[PDB]
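Below: upload.txt (compact mmCIF, C-alpha atoms and all ligand atoms)
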```txt
# COMPACT_ATOMS: atom_id res chain seq x y z
CA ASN Y 214 8.08 10.59 11.70
CA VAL Y 215 6.34 13.32 9.57
CA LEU Y 216 8.52 12.70 6.46
CA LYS Y 217 6.89 9.49 5.14
CA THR Y 218 8.41 9.05 1.65
CA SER Y 219 12.00 7.90 0.90
CA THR Y 220 12.50 10.75 -1.63
CA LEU Y 221 11.33 13.34 0.96
CA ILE Y 222 13.78 12.23 3.57
CA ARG Y 223 16.47 12.22 0.98
CA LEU Y 224 15.74 15.68 -0.19
CA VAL Y 225 15.44 17.19 3.22
CA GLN Y 226 18.74 15.49 4.11
CA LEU Y 227 20.31 17.04 0.95
CA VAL Y 228 18.84 20.55 1.56
CA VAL Y 229 19.76 20.79 5.25
CA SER Y 230 23.27 19.33 4.75
CA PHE Y 231 23.75 22.03 2.04
CA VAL Y 232 22.43 24.98 4.14
CA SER Y 233 24.58 23.76 6.99
CA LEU Y 234 28.17 23.58 5.65
CA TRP Y 235 27.37 26.67 3.46
CA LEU Y 236 26.47 28.81 6.55
CA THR Y 237 29.28 27.10 8.50
CA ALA Y 238 31.97 27.80 5.89
CA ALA Y 239 30.80 31.43 5.60
CA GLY Y 240 31.42 31.76 9.36
CA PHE Y 241 34.86 30.17 9.13
CA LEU Y 242 35.94 32.36 6.17
CA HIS Y 243 34.52 35.44 7.95
CA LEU Y 244 36.62 34.55 11.02
CA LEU Y 245 39.85 33.99 9.04
CA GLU Y 246 39.62 37.20 6.95
CA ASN Y 247 38.41 39.52 9.73
CA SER Y 248 40.98 38.22 12.26
CA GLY Y 249 43.78 38.64 9.74
CA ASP Y 250 46.76 36.23 9.56
CA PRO Y 251 48.67 35.36 12.80
CA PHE Y 252 51.92 35.03 10.74
CA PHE Y 253 51.77 38.80 10.07
CA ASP Y 254 50.81 39.89 13.65
CA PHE Y 255 47.15 40.17 12.41
CA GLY Y 256 48.17 43.25 10.32
CA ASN Y 257 47.15 41.55 7.05
CA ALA Y 258 43.33 41.57 7.49
CA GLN Y 259 40.17 42.25 5.41
CA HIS Y 260 36.89 43.51 6.90
CA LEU Y 261 34.20 41.35 5.21
CA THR Y 262 30.64 41.06 6.52
CA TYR Y 263 29.27 37.55 7.11
CA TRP Y 264 26.80 38.22 4.25
CA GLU Y 265 29.69 39.00 1.87
CA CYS Y 266 31.24 35.65 2.89
CA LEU Y 267 27.93 33.84 2.12
CA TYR Y 268 27.82 35.57 -1.27
CA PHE Y 269 31.51 34.83 -1.94
CA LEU Y 270 31.05 31.13 -1.11
CA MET Y 271 27.99 30.84 -3.38
CA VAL Y 272 29.85 32.39 -6.37
CA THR Y 273 32.80 29.98 -5.76
CA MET Y 274 30.60 26.86 -5.10
CA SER Y 275 28.86 27.56 -8.44
CA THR Y 276 32.37 28.09 -10.00
CA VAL Y 277 31.30 31.52 -11.33
CA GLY Y 278 34.00 33.48 -9.44
CA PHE Y 279 33.46 37.18 -10.20
CA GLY Y 280 36.27 38.25 -7.79
CA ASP Y 281 34.43 41.45 -6.76
CA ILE Y 282 34.82 39.90 -3.28
CA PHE Y 283 37.95 37.72 -2.95
CA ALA Y 284 40.08 36.20 -0.16
CA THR Y 285 43.39 37.93 0.85
CA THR Y 286 44.68 36.46 4.14
CA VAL Y 287 46.97 33.46 3.50
CA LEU Y 288 44.89 31.35 5.80
CA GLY Y 289 41.81 32.55 4.07
CA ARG Y 290 43.12 31.73 0.70
CA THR Y 291 44.04 28.32 1.94
CA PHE Y 292 40.66 27.69 3.27
CA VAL Y 293 39.25 28.68 -0.18
CA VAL Y 294 41.63 26.19 -1.90
CA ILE Y 295 40.51 23.39 0.48
CA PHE Y 296 36.86 24.42 0.17
CA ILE Y 297 36.98 24.30 -3.66
CA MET Y 298 38.38 20.73 -3.52
CA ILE Y 299 35.50 19.76 -1.17
CA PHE Y 300 32.66 21.48 -3.07
CA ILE Y 301 33.78 20.23 -6.51
CA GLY Y 302 33.53 16.75 -4.83
CA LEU Y 303 30.00 17.61 -3.57
CA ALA Y 304 29.04 18.19 -7.24
CA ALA Y 305 28.29 14.44 -6.95
CA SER Y 306 24.69 14.49 -5.56
CA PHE Y 307 23.37 17.88 -4.21
CA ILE Y 308 22.08 20.43 -6.86
CA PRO Y 309 21.57 17.96 -9.82
CA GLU Y 310 20.12 15.21 -7.53
CA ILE Y 311 17.73 17.61 -5.72
CA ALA Y 312 16.60 18.93 -9.14
CA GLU Y 313 15.96 15.27 -10.19
CA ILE Y 314 13.94 14.47 -7.03
CA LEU Y 315 12.01 17.80 -7.15
CA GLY Y 316 11.24 17.19 -10.88
CA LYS Y 317 9.93 13.59 -10.33
CA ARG Y 318 6.62 14.89 -8.98
CA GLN Y 319 3.37 13.88 -10.67
CA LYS Y 320 2.11 16.35 -13.22
CA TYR Y 321 -1.42 14.90 -13.74
CA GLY Y 322 -2.41 14.32 -10.11
CA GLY Y 323 -5.68 15.72 -8.72
CA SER Y 324 -9.38 15.08 -9.40
CA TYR Y 325 -12.14 15.62 -11.95
CA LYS Y 326 -14.98 18.03 -10.93
CA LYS Y 327 -18.47 16.97 -12.13
CA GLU Y 328 -20.92 19.75 -13.14
CA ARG Y 329 -24.59 18.79 -12.84
CA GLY Y 330 -25.51 19.38 -16.48
CA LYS Y 331 -22.53 17.70 -18.25
CA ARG Y 332 -22.16 13.93 -18.80
CA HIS Y 333 -18.71 12.30 -18.90
CA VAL Y 334 -17.13 8.97 -19.92
CA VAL Y 335 -13.94 7.48 -18.46
CA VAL Y 336 -11.42 6.03 -20.95
CA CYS Y 337 -8.63 3.67 -19.85
CA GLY Y 338 -6.52 0.65 -20.90
CA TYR Y 339 -4.16 1.28 -23.84
CA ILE Y 340 -3.78 5.12 -24.03
CA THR Y 341 -1.27 6.55 -26.61
CA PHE Y 342 -1.20 9.41 -29.16
CA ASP Y 343 -2.31 7.15 -32.07
CA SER Y 344 -5.07 5.34 -30.09
CA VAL Y 345 -6.35 8.59 -28.49
CA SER Y 346 -6.29 10.46 -31.82
CA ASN Y 347 -8.14 7.63 -33.62
CA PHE Y 348 -10.68 7.60 -30.75
CA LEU Y 349 -11.17 11.42 -30.44
CA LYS Y 350 -11.44 11.89 -34.24
CA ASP Y 351 -14.52 9.63 -34.35
CA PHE Y 352 -15.92 10.40 -30.86
CA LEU Y 353 -16.09 14.22 -31.44
CA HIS Y 354 -16.66 14.14 -35.23
CA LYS Y 355 -18.73 16.96 -36.88
CA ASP Y 356 -21.18 14.47 -38.53
CA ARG Y 357 -22.04 13.07 -35.05
CA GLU Y 358 -24.96 14.48 -33.00
CA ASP Y 359 -24.31 17.73 -30.98
CA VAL Y 360 -24.08 15.89 -27.59
CA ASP Y 361 -21.84 17.56 -24.93
CA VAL Y 362 -20.05 14.58 -23.26
CA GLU Y 363 -16.66 15.22 -21.58
CA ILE Y 364 -13.93 12.55 -22.02
CA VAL Y 365 -11.78 11.69 -18.97
CA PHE Y 366 -8.62 9.68 -19.62
CA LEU Y 367 -7.16 7.66 -16.73
CA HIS Y 368 -3.73 6.07 -17.36
CA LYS Y 369 -0.69 4.82 -15.42
CA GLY Y 370 1.98 6.97 -17.09
CA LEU Y 371 3.02 10.47 -18.21
CA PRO Y 372 1.59 11.51 -21.65
CA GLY Y 373 4.05 12.11 -24.53
CA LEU Y 374 4.53 15.64 -25.99
CA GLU Y 375 2.22 15.01 -28.99
CA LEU Y 376 -0.47 13.63 -26.64
CA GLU Y 377 -0.14 16.69 -24.34
CA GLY Y 378 -0.59 18.77 -27.53
CA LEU Y 379 -3.73 16.80 -28.52
CA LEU Y 380 -5.14 17.12 -24.98
CA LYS Y 381 -4.40 20.90 -25.05
CA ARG Y 382 -6.25 21.29 -28.39
CA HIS Y 383 -9.35 19.55 -26.91
CA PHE Y 384 -8.99 20.88 -23.30
CA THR Y 385 -12.55 22.35 -23.42
CA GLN Y 386 -14.06 18.77 -23.32
CA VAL Y 387 -11.07 16.45 -22.55
CA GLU Y 388 -9.14 15.72 -19.33
CA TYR Y 389 -6.26 13.37 -18.45
CA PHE Y 390 -5.37 11.97 -15.01
CA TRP Y 391 -2.44 9.90 -13.82
CA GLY Y 392 -3.66 6.65 -12.23
CA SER Y 393 -5.10 3.16 -12.78
CA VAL Y 394 -8.62 1.68 -12.73
CA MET Y 395 -7.04 -1.03 -10.51
CA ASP Y 396 -7.09 1.56 -7.64
CA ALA Y 397 -10.37 2.56 -5.92
CA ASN Y 398 -8.90 6.00 -5.09
CA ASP Y 399 -8.34 6.74 -8.80
CA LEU Y 400 -11.89 5.59 -9.58
CA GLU Y 401 -13.01 8.22 -7.15
CA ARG Y 402 -10.78 10.86 -8.59
CA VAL Y 403 -12.49 10.43 -11.95
CA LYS Y 404 -15.98 10.26 -10.27
CA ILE Y 405 -16.74 6.91 -11.89
CA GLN Y 406 -20.16 6.58 -10.13
CA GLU Y 407 -21.42 9.72 -11.92
CA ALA Y 408 -19.73 8.66 -15.21
CA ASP Y 409 -22.17 7.73 -18.00
CA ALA Y 410 -19.96 4.86 -19.25
CA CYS Y 411 -16.42 3.48 -19.03
CA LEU Y 412 -14.43 2.46 -22.14
CA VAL Y 413 -11.46 0.04 -21.93
CA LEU Y 414 -9.18 0.21 -25.02
CA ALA Y 415 -6.79 -2.62 -26.03
CA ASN Y 416 -3.24 -2.76 -27.45
CA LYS Y 417 -4.14 -4.66 -30.70
CA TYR Y 418 -0.37 -4.93 -31.49
CA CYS Y 419 0.76 -6.39 -28.12
CA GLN Y 420 3.35 -9.18 -27.74
CA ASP Y 421 0.65 -11.62 -26.45
CA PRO Y 422 -3.10 -11.05 -27.10
CA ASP Y 423 -4.04 -13.33 -24.20
CA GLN Y 424 -2.11 -11.20 -21.68
CA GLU Y 425 -3.71 -8.02 -23.05
CA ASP Y 426 -7.14 -9.65 -22.61
CA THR M 853 -26.98 -21.57 -11.23
CA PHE M 854 -27.80 -25.09 -10.07
CA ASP M 855 -31.62 -25.47 -10.32
CA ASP M 856 -33.04 -29.05 -10.44
CA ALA M 882 -26.82 -22.30 -5.12
CA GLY M 883 -24.46 -19.64 -6.59
CA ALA M 884 -23.06 -17.24 -3.95
CA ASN M 885 -24.24 -19.68 -1.21
CA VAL M 886 -21.47 -22.26 -2.02
CA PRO M 887 -18.59 -22.28 0.53
CA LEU M 888 -15.25 -21.07 -0.87
CA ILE M 889 -11.74 -20.42 0.38
CA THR M 890 -9.23 -18.67 -1.91
CA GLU M 891 -5.47 -18.73 -1.48
CA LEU M 892 -4.35 -15.25 -2.65
CA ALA M 893 -0.76 -14.68 -3.90
CA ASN M 894 -0.92 -10.85 -3.49
CA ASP M 895 -2.96 -9.63 -0.48
CA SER M 896 -4.19 -6.46 -2.26
CA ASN M 897 -6.15 -8.60 -4.78
CA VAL M 898 -8.54 -9.41 -1.85
CA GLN M 899 -10.58 -6.37 -2.98
CA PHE M 900 -11.93 -8.31 -5.98
CA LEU M 901 -13.15 -11.44 -4.12
CA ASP M 902 -16.34 -9.75 -2.82
CA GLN M 903 -18.90 -6.90 -3.29
CA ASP M 904 -20.90 -4.65 -0.86
CA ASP M 905 -17.62 -4.48 1.13
CA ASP M 906 -16.22 -0.91 0.56
CA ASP M 907 -12.70 -1.71 -0.79
CA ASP M 908 -9.74 0.49 0.31
CA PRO M 909 -6.01 -0.31 -0.31
CA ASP M 910 -5.11 1.54 2.94
CA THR M 911 -6.66 -1.49 4.73
CA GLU M 912 -4.31 -4.33 5.76
CA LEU M 913 -5.50 -7.85 4.90
CA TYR M 914 -6.73 -9.02 8.31
CA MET M 915 -9.33 -6.17 8.46
CA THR M 916 -10.87 -6.87 5.01
CA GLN M 917 -14.32 -8.52 4.84
CA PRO M 918 -13.17 -11.69 2.96
CA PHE M 919 -10.51 -12.38 5.60
CA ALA M 920 -12.94 -11.67 8.47
CA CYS M 921 -15.40 -14.11 6.82
CA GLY M 922 -12.66 -16.76 6.39
CA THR M 923 -13.10 -17.02 2.56
CA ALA M 924 -9.64 -15.53 1.82
CA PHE M 925 -6.26 -16.79 3.05
CA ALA M 926 -2.85 -15.35 2.10
CA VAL M 927 0.65 -16.46 3.12
CA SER M 928 1.52 -13.01 4.62
CA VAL M 929 -0.55 -13.70 7.79
CA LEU M 930 2.02 -16.41 8.73
CA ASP M 931 5.03 -14.03 8.89
CA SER M 932 4.62 -13.46 12.69
CA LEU M 933 5.24 -17.19 13.30
CA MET M 934 9.01 -16.45 13.38
CA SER M 935 8.43 -14.32 16.51
CA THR M 936 6.11 -16.79 18.11
CA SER M 937 8.70 -19.38 17.91
CA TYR M 938 11.42 -17.48 19.58
CA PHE M 939 9.10 -16.41 22.29
CA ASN M 940 7.05 -19.56 22.82
CA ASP M 941 8.13 -22.70 20.98
CA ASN M 942 5.34 -24.85 22.51
CA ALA M 943 2.67 -22.46 21.17
CA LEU M 944 3.89 -23.31 17.65
CA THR M 945 3.85 -27.06 18.54
CA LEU M 946 0.23 -26.55 19.69
CA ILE M 947 -0.53 -24.97 16.28
CA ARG M 948 1.35 -27.70 14.40
CA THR M 949 -0.57 -30.48 16.21
CA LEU M 950 -4.00 -28.86 15.57
CA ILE M 951 -3.54 -27.77 11.93
CA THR M 952 -1.79 -30.98 10.73
CA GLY M 953 -4.22 -33.25 12.62
CA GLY M 954 -1.21 -34.83 14.45
CA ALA M 955 1.96 -34.90 12.27
CA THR M 956 4.48 -35.81 15.04
CA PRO M 957 8.31 -35.59 14.74
CA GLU M 958 8.35 -39.38 14.17
CA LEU M 959 6.27 -39.03 10.99
CA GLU M 960 8.59 -36.42 9.43
CA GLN M 961 11.55 -38.68 10.38
CA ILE M 962 9.75 -41.60 8.62
CA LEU M 963 9.11 -39.39 5.56
CA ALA M 964 12.75 -38.18 5.50
CA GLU M 965 13.79 -41.88 5.11
CA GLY M 966 12.49 -41.50 1.49
CA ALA M 967 10.18 -44.58 1.51
CA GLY M 968 6.93 -42.51 1.67
CA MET M 969 4.23 -43.20 4.33
CA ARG M 970 4.49 -46.79 5.35
CA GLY M 971 1.75 -48.27 7.37
CA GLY M 972 -0.83 -50.96 7.81
CA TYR M 973 -3.26 -52.33 10.36
CA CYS M 974 -1.75 -51.28 13.65
CA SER M 975 -1.50 -52.29 17.27
CA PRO M 976 -4.41 -51.33 19.37
CA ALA M 977 -1.58 -49.87 21.28
CA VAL M 978 -0.77 -47.11 18.86
CA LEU M 979 -4.38 -46.94 17.84
CA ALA M 980 -4.90 -45.36 21.23
CA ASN M 981 -3.84 -42.09 19.75
CA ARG M 982 -6.89 -42.31 17.59
CA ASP M 983 -8.39 -40.03 20.17
CA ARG M 984 -7.29 -36.47 19.86
CA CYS M 985 -8.88 -33.08 20.15
CA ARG M 986 -10.28 -31.67 16.99
CA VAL M 987 -11.59 -28.26 16.29
CA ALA M 988 -15.18 -28.40 15.32
CA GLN M 989 -18.33 -26.51 14.82
CA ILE M 990 -21.54 -26.94 16.66
CA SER M 991 -24.66 -25.02 15.89
CA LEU M 992 -26.83 -23.51 18.51
CA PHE M 993 -29.94 -23.92 16.43
CA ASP M 994 -31.05 -27.24 17.74
CA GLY M 995 -29.68 -29.64 20.23
CA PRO M 996 -28.91 -29.50 23.89
CA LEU M 997 -27.15 -26.22 23.63
CA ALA M 998 -29.98 -24.60 21.81
CA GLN M 999 -31.23 -23.26 25.06
CA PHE M 1000 -28.36 -20.89 25.37
CA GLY M 1001 -29.07 -19.79 21.89
CA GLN M 1002 -32.31 -18.08 22.63
CA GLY M 1003 -31.06 -15.01 24.41
CA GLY M 1004 -28.36 -16.59 26.51
CA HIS M 1005 -24.91 -15.15 26.85
CA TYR M 1006 -21.72 -16.76 25.73
CA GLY M 1007 -20.57 -17.23 29.20
CA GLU M 1008 -23.32 -19.54 30.09
CA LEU M 1009 -22.54 -21.75 27.20
CA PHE M 1010 -18.92 -22.00 27.98
CA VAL M 1011 -19.71 -23.25 31.37
CA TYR M 1012 -22.51 -25.57 30.51
CA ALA M 1013 -20.51 -27.08 27.80
CA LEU M 1014 -17.27 -27.73 29.47
CA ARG M 1015 -19.18 -29.01 32.37
CA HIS M 1016 -21.58 -31.33 30.72
CA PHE M 1017 -19.85 -32.24 27.49
CA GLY M 1018 -16.14 -31.63 28.01
CA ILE M 1019 -16.17 -29.11 25.23
CA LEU M 1020 -14.29 -25.77 25.24
CA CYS M 1021 -15.89 -22.92 23.26
CA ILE M 1022 -13.24 -20.69 21.61
CA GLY M 1023 -15.35 -18.33 19.43
CA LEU M 1024 -18.45 -17.69 17.28
CA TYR M 1025 -19.08 -17.58 13.54
CA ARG M 1026 -21.94 -15.17 13.04
CA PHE M 1027 -24.02 -13.92 10.16
CA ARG M 1028 -22.94 -10.51 9.08
CA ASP M 1029 -26.46 -9.56 8.06
CA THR M 1030 -29.59 -9.79 10.29
CA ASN M 1031 -33.14 -8.34 9.97
CA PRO M 1037 -29.68 -10.95 4.31
CA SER M 1038 -26.55 -12.54 2.68
CA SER M 1039 -25.13 -15.96 3.72
CA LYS M 1040 -21.71 -14.52 4.82
CA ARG M 1041 -20.66 -15.18 8.42
CA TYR M 1042 -17.72 -13.71 10.40
CA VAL M 1043 -15.39 -14.97 13.13
CA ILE M 1044 -15.42 -13.70 16.74
CA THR M 1045 -12.44 -15.01 18.78
CA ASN M 1046 -13.23 -15.64 22.49
CA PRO M 1047 -16.11 -13.11 23.02
CA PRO M 1048 -16.79 -11.53 26.48
CA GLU M 1049 -18.69 -13.49 29.20
CA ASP M 1050 -21.78 -11.22 28.88
CA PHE M 1051 -21.78 -11.36 25.02
CA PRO M 1052 -25.36 -12.02 23.67
CA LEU M 1053 -26.00 -15.15 21.53
CA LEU M 1054 -28.34 -15.62 18.51
CA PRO M 1055 -30.14 -18.92 17.54
CA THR M 1056 -28.33 -18.76 14.14
CA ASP M 1057 -24.78 -18.68 15.66
CA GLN M 1058 -22.24 -21.46 15.18
CA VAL M 1059 -19.64 -22.08 17.91
CA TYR M 1060 -16.02 -23.15 17.39
CA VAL M 1061 -15.18 -25.89 19.88
CA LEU M 1062 -12.39 -28.26 20.92
CA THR M 1063 -13.86 -31.76 21.40
CA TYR M 1064 -12.45 -35.19 22.28
CA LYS M 1065 -15.16 -37.25 20.44
CA CA Y 1101 -14.70 -5.77 -2.88
```

Could you quickly redo this structure as structure tokens?
Ligand SMILES: [Ca+2]
Amino acid sequence: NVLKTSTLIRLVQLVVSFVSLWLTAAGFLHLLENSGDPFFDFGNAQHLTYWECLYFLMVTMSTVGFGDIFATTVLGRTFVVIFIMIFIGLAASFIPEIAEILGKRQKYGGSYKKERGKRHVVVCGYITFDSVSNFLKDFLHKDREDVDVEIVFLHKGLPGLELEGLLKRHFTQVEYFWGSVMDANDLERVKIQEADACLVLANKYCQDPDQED
Amino acid sequence: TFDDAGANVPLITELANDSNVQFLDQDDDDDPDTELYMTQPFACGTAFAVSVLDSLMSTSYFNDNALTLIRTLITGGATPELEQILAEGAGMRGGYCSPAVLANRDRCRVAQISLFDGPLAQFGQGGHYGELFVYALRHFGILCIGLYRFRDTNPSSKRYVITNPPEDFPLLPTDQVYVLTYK
């Protein structure tokens, strides 16, 4: 019971059921080519290594097919024809679905680190490129006093490309974290006790002002 | 504020989502890893949520009469005859009744008795639960089934439940005792 998450069991099930079957088929193809065909008194034979069979099955599973290594026993060939019909069918799930699951990780996990000299403020609620840019443009404006406050965004979603760009431009005094102020763990991630203030922004253009309040 | 109060008024809150229990109270170190029954508001009895009933399915299969014991305590005595009478669609009928039936006007209730003053006070000053149990059942026909104690001693008003404490468990003069009593 070490694999807690549904996605982790799924992946590990996908990975291991791909490493098995691949290793297994390499052994079966290696047997069929190195034995030769029984129909031809084992005279028709081809001395592959097991590693050349692993390689050959990867270049056929991927449908690349160089043909630098290729099957030559009739049984072998057959097995390749059967194997292609299986592993085109296993293009449903496997490589695309493991890439999906392995990509669904959280980019903006982790914690703020509080220096002793710096102050910070935590900003949450409605966070978007337009609201953040309107906020930053006034909060860090040149006419404002030369205070050195860091701004920590906390929001329950992935930032859009233009917001990642804005955050990159200000990365010297701005941070963003995935999470919600509804969760006491996320309040610790952003070190809210040491924060100087917390700002809650509102979606002024929401479908119902009373639900936003 | 109620000057001629506040956090001293007794409350119970029916929660719809157990994890919102965090917000009912302060000085309580909230953590969403913690299942509802361990949280301070539930231990104080100020927070109820429907999830704590979900084991009653098991208890029925394994001991039907233990659910009928629950049903008779918590309803105050809603017998199968009353839900038959209600299913007839007339609503609760009733009027002055035979002394006969009135006999059932004596049932065990759960109740709270304080050990601050009164005959049992003695056990309060240093005694141990055990003694009380015995003295009570013996002299008053009263079972003691637990304590409701102040969480803070030395200063908030919050108290917590203690189901059936050990025989050698020390009492305080501020404790309240849950009891089953016939009068
Ligand atoms: Ca709390």

Output as JSON lines one row per residue of chain M within 8 Å of ligand CA 1101 (chain Y): the closest atom pair and its distance in Å to one decimal place, counting only C-alpha atoms and all ligand atoms, sorted by chain and residue number ascending.
```
{"residue": "M:898", "atom": "CA", "partner": "Y:CA1101", "partner_atom": "CA", "distance": 7.2}
{"residue": "M:899", "atom": "CA", "partner": "Y:CA1101", "partner_atom": "CA", "distance": 4.2}
{"residue": "M:900", "atom": "CA", "partner": "Y:CA1101", "partner_atom": "CA", "distance": 4.9}
{"residue": "M:901", "atom": "CA", "partner": "Y:CA1101", "partner_atom": "CA", "distance": 6.0}
{"residue": "M:902", "atom": "CA", "partner": "Y:CA1101", "partner_atom": "CA", "distance": 4.3}
{"residue": "M:903", "atom": "CA", "partner": "Y:CA1101", "partner_atom": "CA", "distance": 4.4}
{"residue": "M:904", "atom": "CA", "partner": "Y:CA1101", "partner_atom": "CA", "distance": 6.6}
{"residue": "M:905", "atom": "CA", "partner": "Y:CA1101", "partner_atom": "CA", "distance": 5.1}
{"residue": "M:906", "atom": "CA", "partner": "Y:CA1101", "partner_atom": "CA", "distance": 6.1}
{"residue": "M:907", "atom": "CA", "partner": "Y:CA1101", "partner_atom": "CA", "distance": 5.0}
```

**OP:** Compute the chain Y side of the contact with chain M at 10 Å, counting all atoms listed in the file, and hand it back as a ChimeraX atom specification.
**Re:** /Y:395-398

Original post:
What is the distance, in Å and to one decimal place, between CA of residue 981 in chain M and CA of residue 1059 in chain M?
Top reply: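 Answer for the CA of residue 981 in chain M to CA of residue 1059 in chain M separation: 25.6 Å.
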
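For the atom pair formed by CA of residue 226 in chain Y and CA of residue 314 in chain Y, the distance is 12.2 Å, given to one decimal.
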
Name the residues in contact with residue 392 in chain Y at a cut-off of 9 Å, using all atoms listed in the file, excluding same-chain residues fewer than 3 positions from it; report them as a compact mmCIF listing (two decimals) with C-alpha atoms, in the coordinates of the input.
```txt
# COMPACT_ATOMS: atom_id res chain seq x y z
CA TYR Y 321 -1.42 14.90 -13.74
CA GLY Y 322 -2.41 14.32 -10.11
CA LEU Y 367 -7.16 7.66 -16.73
CA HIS Y 368 -3.73 6.07 -17.36
CA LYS Y 369 -0.69 4.82 -15.42
CA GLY Y 370 1.98 6.97 -17.09
CA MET Y 395 -7.04 -1.03 -10.51
CA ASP Y 396 -7.09 1.56 -7.64
CA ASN Y 398 -8.90 6.00 -5.09
CA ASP Y 399 -8.34 6.74 -8.80
CA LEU Y 400 -11.89 5.59 -9.58
```

Subject >> Point-to-point distance in Å for CA of residue 992 in chain M and CA of residue 1056 in chain M >> reply: 6.6 Å

**OP:** Would you kindly identify which residues have an atom no farther than 6 Å from (34.0, 32.7, 1.6), using only C-alpha atoms and the file's own coordinates, and write them out as a count of residues only?
**Re:** 5

Subject >> Who sits within 10 Å of residue 297 in chain Y, only C-alpha atoms, same chain under 6 positions skipped, as a list in words >> reply: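 Surrounding residues, per the criterion: residues 270, 273, 274, 275, 276, 291 and 303 of chain Y.
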
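Checking M:1022, M:1017, M:1009, M:1001 one by one against residue 1054 in chain M, counting all atoms listed in the file, you find the shortest gap at M:1001.
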
Env of residue 984 in chain M: 10 Å cut, atoms = all atoms listed in the file, seq-sep filter 5 positions within chain, self excluded. Answer as a PDB file with C-alpha atoms, keeping the file's coordinate frame.
```pdb
ATOM      1  CA  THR M 949      -0.570 -30.480  16.210  1.00  0.00           C
ATOM      2  CA  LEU M 950      -4.000 -28.860  15.570  1.00  0.00           C
ATOM      3  CA  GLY M 953      -4.220 -33.250  12.620  1.00  0.00           C
ATOM      4  CA  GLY M 954      -1.210 -34.830  14.450  1.00  0.00           C
ATOM      5  CA  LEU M1062     -12.390 -28.260  20.920  1.00  0.00           C
ATOM      6  CA  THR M1063     -13.860 -31.760  21.400  1.00  0.00           C
ATOM      7  CA  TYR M1064     -12.450 -35.190  22.280  1.00  0.00           C
ATOM      8  CA  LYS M1065     -15.160 -37.250  20.440  1.00  0.00           C
TER       9      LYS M1065
END
```

Original post:
Could you name the residues that touch range 1030-1046 of chain M at 10 Å or less, counting all atoms listed in the file, but leaving out those on the same chain fewer than 4 positions away, as number ranges by chain?
Top reply: M: 884-887, 917-923, 1006, 1021-1026, 1051, 1056-1060

**OP:** Select, from Y:261, Y:376, Y:284, Y:225, the residue with the minimum atom-to-atom distance to residue 315 in chain Y, counting all atoms listed in the file.
**Re:**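 Among the listed residues, the smallest separation from residue 315 in chain Y belongs to Y:225.
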
Subject >> For residue 409 in chain Y, the nearest of the candidates Y:235, Y:222, Y:312, Y:334, counting only C-alpha atoms >> reply: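 Closest to residue 409 in chain Y of all the choices is Y:334.
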
Original post:
So which residues touch residue 328 in chain Y within 12 Å, counting all atoms listed in the file, skipping near sequence neighbours fewer than 4 positions away, as number ranges by chain?
Top reply: Y: 332-333, 362-363, 404, 407-408

Using 6 Å of padding on each side, determine the axis-aligned box around all atoms of range 320-323 of chain Y present in the file and give its centre and edge lengths in Å to one decimal, as AutoDock Vina command-line options.
```
--center_x -1.8 --center_y 15.3 --center_z -11.2 --size_x 19.8 --size_y 14.0 --size_z 17.0
```

Original post:
With only C-alpha atoms as the basis for distance, which of M:969, M:895, M:976, M:985 is at the shortest distance from residue 946 in chain M?
Top reply: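 When distances to residue 946 in chain M are compared using only C-alpha atoms, the smallest one comes from M:985.
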
**OP:** Rank M:986, M:1061, M:973, M:961 by their smallest atom-to-atom distance to residue 1013 in chain M, using all atoms listed in the file, and report the top residue only.
**Re:** M:1061
